[PDB]
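Here is the naming used below: chain letters follow the sequence lines, and residue numbers restart at 1 for every chain. Whatever order the structure lists them in is the order used to number ligands and atoms, beginning at 1. Values below: all heavy atoms of this structure, side chains included; hydrogens, waters and symmetry mates excluded.
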Amino acid sequence: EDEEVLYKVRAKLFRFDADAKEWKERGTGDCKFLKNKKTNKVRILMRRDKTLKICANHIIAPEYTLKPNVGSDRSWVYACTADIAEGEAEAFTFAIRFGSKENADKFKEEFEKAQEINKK
Amino acid sequence: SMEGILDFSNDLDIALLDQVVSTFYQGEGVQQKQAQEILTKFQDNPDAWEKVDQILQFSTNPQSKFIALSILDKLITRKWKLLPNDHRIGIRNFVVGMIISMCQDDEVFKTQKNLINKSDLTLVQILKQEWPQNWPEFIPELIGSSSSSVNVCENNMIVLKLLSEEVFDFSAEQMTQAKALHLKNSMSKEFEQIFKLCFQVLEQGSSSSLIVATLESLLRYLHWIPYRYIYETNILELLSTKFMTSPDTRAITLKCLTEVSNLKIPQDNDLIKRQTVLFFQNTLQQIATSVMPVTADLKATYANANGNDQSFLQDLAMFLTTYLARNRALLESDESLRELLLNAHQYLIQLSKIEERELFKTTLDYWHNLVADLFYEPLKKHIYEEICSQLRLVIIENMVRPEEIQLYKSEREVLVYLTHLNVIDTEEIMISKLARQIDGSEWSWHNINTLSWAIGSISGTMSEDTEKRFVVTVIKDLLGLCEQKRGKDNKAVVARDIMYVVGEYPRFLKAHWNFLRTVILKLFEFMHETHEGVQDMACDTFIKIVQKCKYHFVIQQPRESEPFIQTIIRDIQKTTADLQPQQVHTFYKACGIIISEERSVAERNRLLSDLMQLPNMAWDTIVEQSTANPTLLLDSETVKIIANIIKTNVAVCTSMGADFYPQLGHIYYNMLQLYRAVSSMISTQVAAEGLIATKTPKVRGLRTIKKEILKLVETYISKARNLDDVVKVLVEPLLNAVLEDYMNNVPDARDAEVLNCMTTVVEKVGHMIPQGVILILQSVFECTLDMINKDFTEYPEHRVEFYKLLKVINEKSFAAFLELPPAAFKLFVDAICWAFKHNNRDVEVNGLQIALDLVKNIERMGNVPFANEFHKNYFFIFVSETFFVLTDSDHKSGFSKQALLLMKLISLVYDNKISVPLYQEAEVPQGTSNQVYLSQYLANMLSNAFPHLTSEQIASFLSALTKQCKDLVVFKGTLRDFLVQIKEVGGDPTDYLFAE
Amino acid sequence: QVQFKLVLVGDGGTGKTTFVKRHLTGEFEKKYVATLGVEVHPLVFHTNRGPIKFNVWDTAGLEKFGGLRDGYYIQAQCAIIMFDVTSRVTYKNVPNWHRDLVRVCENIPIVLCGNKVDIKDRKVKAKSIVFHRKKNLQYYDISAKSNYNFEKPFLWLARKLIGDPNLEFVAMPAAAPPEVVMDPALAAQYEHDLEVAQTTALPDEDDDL
Ligand SMILES: O=C(O)c1ccc(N2CCN(c3cccc(C(F)(F)F)c3)CC2)c(NC(=O)c2ccc(F)cc2)c1
Ligand SMILES: Nc1nc2c(ncn2[C@@H]2O[C@H](COP(=O)(O)OP(=O)(O)OP(=O)(O)O)[C@@H](O)[C@H]2O)c(=O)[nH]1
Ligand SMILES: [Cl-]
Ligand SMILES: [Cl-]
Ligand SMILES: [Mg+2]
């Protein structure tokens, strides 16, 4: 790999479907923060258990903000402007849920550290 | 333009249909989808059948012709009898002609198998309608046409196979009993001629595709034909020699010989016994010489998955296990058949090593049958010693974890039987497998785990003395293995396997107090290891050991100052300090199991007091602060502490049941005050924030407190011994705390667990609280019905708990329904019928049981005005609602209970056990019996619901039904006959006279 | 890239569409919307032998929505037969689905799948499931909801169709994702869409994830 793993955590990812006004699960597996050894840019790369299919692939943009979901104390929702998991870069409203509040808070800490690395 | 074919006013353009069909089968995305919809509407047009002979003649697309035959099949199976005789003979002759024509063209026969097979099935649908009564010559003409061509002969074998399947294999659900019997007797009467042809083809041989089609039809025949066609002809010899040698015929021949092994055969005939031996000997000889020797590595062959190897090896396992399970006694007492017997078993040993779970299970079912036999049958085990030795290694190397329930059970049972048959061989294999873990040659997590599960599985099979030496040897070896291993991953794996093994040997632990004590203290040390899996395994091992050895924790052991339970309780804070909440609850549950062994009341109550010390002190300080200032609950962290206190009480109440009462009594009053305070907080959070509040972590936390309180009370009441205290102390405060709160919350804030708690209360003490049951119904009945009577989907837990509560009230306190005002009683009848329409099998089954029980409850009242008014108002509602769910094809899972309910309703009238006329006066002569009026009402109801039935069909059906209303199996037969006849036109009314 | 027609058959409500959708998008559809005739979707897996494409014909199990019925099976190269381990009738009907399927598709690899093994009250016990043995079907316990063995039917069919018993699903390398600039004109657009999404609860808040 041309990338260093900064953080790895088990997570479930959702995307908001505005039409059906509901959260639709996109995958479950290891969410990884990967630092490109050439550009030093940190991305989220998430693969599904067993199929290993990509369900998240985007830069941790400095302009993104993690917000609580009304339902959860172990989730974050954020707008992503360019995710290439399904191919052509698309904008999503994402929600990512972890096994515990501690995992979610640790994720937030790591996501901010990555935002600062990406500011350089 | 594709939609052109849906316009029936204009003649059909075959080239357009061919394009739509091509677009559907070969097109993509939106175009495929649109072609799909158009083709469905085309096929479903009730006049589309008139287009079939046009499409069959003038279409170039074989997919169009396939879809044309589907349309024809709907006409033949549903509406055939509406056609004039001339038209039916016309279709019949066209279909036969189209089949013969396709078969006589070598190019079409080779490449259009789909369309020919579909044509053959269409012909078989015609035979089901026409044959033999309106087509006596069909079989003679098929036999005749078979010598004219090898293609026609082969295709005639496909027709006869499909006919045999339709008549003998799939008739049960698809035909009336009378029509199934008719076609079975018809095929039976003409089979002599069919068999003669099949035998000639198999003898005369030559074309492999023809031979394979003939053996495919034979496989179907073997489900029903008499043994003499197999044993009194050359056919057994051909199957077990010639057809085993060529690989084209081998797979089908093996499946035939498996069904031959299942024929009904005379038991007292030496010639037949010798023929049964011979075909087996011949089959195994052809395998050994033409396929693979007994030594072959079938694991390797199967894995390589060349050609049809996997299917062949599956079929061989099915043949060997089927034949040997029936016939191995034939091979056991004759010295000249010993080699055949052991070679057959050696093939099974090789098949058992294949890495394929479902194949392994098939061979394991056989091994279970064999070793069970050797355990009980005199003078047999010695025959199989070398087979059994190899099988011990196969089972030990394939042992799965006990979480795989059925497979672990099957494996354990086989290994236990094998251990009894030779304990020394079992021990040596297990110790030598352990040695190969210790020397690293076979070391892996999977391998030490599988071995530990195997060693665990045979606990209780050795003598106590042999077990003692074996267990010490195994623990010493696993301890050495642990020391020897490096890094916490490896050590954790071996530590979990030591805990596993020790937990499976309670007899050993019970005999060796010093060992047991050390194990527990070691488990307590492991409860501080954060290394994943270790705390969970320590807690699981602790409760498993306690369940089996509890008596040893409650007595004073020699050279101890106190019962060990006192030592566990004294140090409980320290022991459990690093556990997650669910692990603490297991730990407290285990302590509850021990304490319940103490049968001295004073000493039990004191141990229970000491165990509950930490949660009771956390509780007391919260109740002081919580009541002193209510706003302290809103705090997320206190809600988590309160829920965990209640859950600890649930855990200890689960293991102590009746003995838990003094602890419940200590918290009961303040627990129900806390229920009220948390209810207020939920209510006012929903008011302030909206229905979304119920999704918030805070409100879910509060609701968790309410659900654990209801769980604690239902857990105690379900095991309570003193029901007087339940009624006098518990019930009144419970109803006051929960019923109005449930009623006066918005649907989305109502806990389905309230219904579950009330079900247990009515179940256990319903007879003793008639006024409490009335209050339960008044609080939950109408508001819960209104949540679930708009659709079948909303509030699924309320739905299930609602009908469980009505069921128990209707069983235990039916007087509560007598107290309902007429309008509420009408809603109860509506609720029952509503349950009948459900597809969810929980609700439907409770629905039908309530209806049964309610009818029984009304019958019990005898000849009084409430019973009479019930029948006048509801008898016909239950009869028509039950018939609705019987006949609409959407409620097949409820068939048995629908039938039982309908039988009860019809038998009430047939016995004259309803005092008043069911008809309102001047609707019939005033003398008229309820039997005559029920006849009339059902005839009218069925005629309007099924207008295509004749008056004769309905009258015969109802005549059969009323005569059979004391015989459930025959009654159900008549109901299933009716469900077949309503799917077609011109069902024979004489079918309802069927008798076996 | 090699594409194979896969036909999915079994009683209504057994989980055919749910199982496929989970494989296409990753989502779990809780609602029962009965299939009308057939839904066709391409489904691609990446293997150590390159990509394999299944053209998935997800057929209707309900008789009244059956459409072309066995017409859908024409030129299938593989099949899944689905039942629900919580509904005995759905297993009783497995021989009827198998009959209708193999009359059209005589020599294809077929997986039998008992779905919904996540539900505690199982009605079709392991001991009862033997139909696959004489018919040479592969069998898996699955759950579309928990993802228990969710990949196994496709992995087994891929091994059979490619003729490689050691075929594995692999991870495809993930392209470096674009760095983009948030459009100042749609910044108001996004705060709205995020408001709606923060105030709609995530489903299944009691699950391990
Ligand atoms: O006769 C006795 O009084 C006696 C007392 C304790 C014994 N032990 C059995 C318990 N034990 C043990 C060690 C580590 C883990 C566990 C586990 F918790 F069960 F996992 C148990 C090792 C010590 C054993 N059994 C042994 O095999 C043993 C004991 C001490 C040794 F140094 C070596 C062997 C015997
Ligand atoms: N608990 C549970 N529910 C499931 C599972 N798979 C599917 N379901 C539910 O089952 C219901 C029916 O699913 P569908 O996929 O629509 O069923 P289907 O077989 O396609 O139905 P037809 O199209 O009518 O043949 C839905 O409510 C699903 O959410 C599962 O693994 N577990
Ligand atoms: Cl026998
Ligand atoms: Cl009809
Ligand atoms: Mg569907």
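With respect to atom 13 (O) of ligand 2, the closest heavy atom belonging to the protein is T18(C) OG1, 3.1 Å. Atom 29 (O) of ligand 2 has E29(C) O, 2.6 Å as its closest protein atom, hydrogens excluded (heavy atom only). At the top of the distance list for atom 31 (O) of ligand 2, counting protein heavy atoms only, stands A144(C) N, 3.0 Å. For atom 1 (N) of ligand 2, the nearest non-hydrogen atom of the protein is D118(C) OD2, 3.0 Å. When only non-hydrogen protein atoms are considered, atom 21 (O) of ligand 2 lies nearest to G13(C) N, 3.1 Å. For atom 8 (N) of ligand 2, the nearest non-hydrogen atom of the protein is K116(C) CE, 3.7 Å. The protein heavy atom nearest to atom 23 (O) of ligand 2 is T35(C) N, 2.8 Å. Of the protein's heavy atoms, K16(C) NZ, 2.7 Å lies nearest to atom 25 (O) of ligand 2.
Only the backbone of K31(C) comes within 4.0 Å of ligand 2, judged by heavy-atom distances. Counting heavy atoms under 4.0 Å from ligand 2, residue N115(C) touches it through the side chain alone. With a 4.0 Å cut-off on non-hydrogen atoms, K30(C) touches ligand 2 through its backbone and not its side chain.
Considering CZ of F54(C) and NE2 of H23(C), their distance stands at 10.0 Å, rounded to 0.5 Å. The CG atom of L6(C) sits 8.0 Å away from atom CD1 of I108(C), with the distance rounded to the nearest 0.5 Å.
We find that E27(C) and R26(A) are not joined by a salt bridge, their nearest charged nitrogen and carboxylate oxygen being 4.0 Å or further apart. Taking a cutoff of 4.0 Å between a charged side-chain nitrogen and a carboxylate oxygen, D70(C) and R99(C) do not qualify as a salt bridge. Salt-bridge formation is not detected for the pair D118(C)/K116(C): no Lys NZ or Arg NE/NH1/NH2 atom is positioned less than 4.0 Å from an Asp or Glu carboxylate oxygen. Ion pairing of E753(B) with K711(B) is absent here, as no side-chain N (NZ or NE/NH1/NH2) approaches a carboxylate O to less than 4.0 Å. Between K804(B) and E801(B), at least one side-chain nitrogen of the basic residue sits less than 4.0 Å from a carboxylate oxygen of the acidic one, meeting the salt-bridge criterion.
For the pair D11(C) and ligand 2, a heavy-atom separation below 4.0 Å is found.
Annotation for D208(C): atom CG does not count as buried by contact number, only 12 or fewer foreign heavy atoms lying within 6.0 Å. No more than 12 heavy atoms of other residues, nucleotides or ligands sit less than 6.0 Å from atom CZ of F884(B).
Side-chain atoms of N944(B) never come within 3.5 Å of backbone atoms of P947(B) as a donor-acceptor pair (strictly under, hydrogens ignored).
Counting only non-hydrogen atoms, the option in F65(C), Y32(C), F19(C) that gets closest to atom 12 (C) of ligand 2 is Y32(C).
Where the criterion is an N or O separation shorter than 3.5 Å, residue side chain and backbone included, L62(C) fails it with respect to ligand 2. Considering backbone and side-chain N/O of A34(C), none are found under 3.5 Å from N/O of ligand 2. Between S143(C) and ligand 2, a contact under 3.5 Å exists for at least one N or O pair. For ligand 2, the polar-atom distance check finds an N/O of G61(C) within less than 3.5 Å of one of the ligand's N/O atoms. Backbone and side-chain nitrogen or oxygen atoms of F28(C) are examined, and none is located within less than 3.5 angstrom of a nitrogen or oxygen of ligand 2.
Which parts of ligand 2 touch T17(C) is read off a 4.0 Å heavy-atom cut-off, strictly below it: atoms 15 (O), 20 (O). For ligand 2 and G15(C), the ligand atoms under 4.0 Å from any heavy atom of the residue are 7 (C), 13 (O), 14 (P), 15 (O), 17 (O), 18 (P), 19 (O). Shown in contact with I119(C) at under 4.0 Å from a heavy atom are these atoms of ligand 2, numbered in order with element: 1 (N). Atoms of ligand 2 lying under 4.0 Å from at least one heavy atom of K145(C), given by number and element, are 1 (N), 30 (C), 31 (O), 32 (N).
At least one N/O/S atom of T35(C), from backbone or side chain, sits under 2.8 Å from the Mg ion (ligand 5). Under 2.8 Å from the Mg ion (ligand 5) lies no N/O/S atom of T18(C), from backbone or side chain alike.
A cation-pi geometry, defined here as NZ or CZ lying under 6.0 Å from the six-membered ring centre and within 45° of its normal, holds between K51(B) and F8(B).
Among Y140(C), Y139(C), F83(C), the one residue that satisfies the ring pair (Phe, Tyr, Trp, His ring centres under 6.0 Å) test with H132(C) is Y139(C).
Below 30°, between 30° and 60°, or above 60°: for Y72(C) and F24(B) the angle between ring planes is above 60°, a perpendicular geometry.
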Checklist entry - Do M82(C) and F19(C) pass the side chain to side chain contact (heavy atoms under 4.5 Å, CB included) test, and can you show the C-alpha distance, the side-chain angles, and the key distance before you say yes or no? => result CA-CA 10 Å; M82(C) 187 91 85; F19(C) 175 67; 3.8 Å; yes
